[PDB]
């Protein structure tokens, strides 16, 4: 159960002797080590589960990186809900020294969100953006997600500004694109529209963006918004089979009266 949330974050034995037996045949299995740490936690044996984790890191084959990753995440969780800021910092410092620092940062961000320590999350987000944000688009998207879902849509947009200032130009389309999807999914779809309109305005040829745009409007389901978008799409330069793709999208959407206004235009372009 406890081990299920860690296996999520990372993307019948009943006694010490049972687990020690299972470890003989599966020394490299973090699920066994995690269930064993768990068993020792539902007994309020925190100092014993700490020991298991150190055994697990010295026992699991160093080639088995993903398995080692889970154990560190188990240690961060245990230290987060039972330890203290000093014990949590020691583990964090060691985990960053032994696993990839950035993924470890993002794991702690998730632990903070799950455990609803939002003050520490916010603070951490700013720190890891400061040191990985020059290279990593995701820190920005996930900070923006955080701010939007705590109703700080404004602060979200000023953090998108910071990303554009920190990221190289070839990632700008991606942040903005992903911040826009966020806006449609969780914040203000109107701001989502401004952002897409700005991209399309800068990359009029990039037909892939027009696609992401309309799909977002399809999911938002607003009637005139979707039609207005489709009619603007045709005037822009489309190839043969790509022009067909948009028609498939338009047809099966309006399906789910004016199902005729599209068919009469669907073959006027095979002609002209």
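Positions refer to the first chain, counted from 1.
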### Query
Unmodelled deposited residues between residue 11 and residue 12: none, 1 to 3, 4 to 9, or 10 or more?
10 or more
### Task
For the stretch from residue 256 to residue 257, please bin the deposited residues that the model skips: none, 1 to 3, 4 to 9, or 10 or more.
4 to 9
### Message
I need to verify one thing: averaged over C-alpha atoms only, is the B-factor higher for 62-70 or for 232-240?
### Response
232-240
#### Entry: Stretch with the greater mean C-alpha B-factor as recorded in the entry, comparing 142-150 against 189-197
189-197
### Message
Just the C-alpha B-factor column, please: which of 56, 218, 34, 41 has the biggest number?
### Response
218
## Note on the structure
The third of the chain into which the C-alpha temperature factor of residue 211 falls is the highest
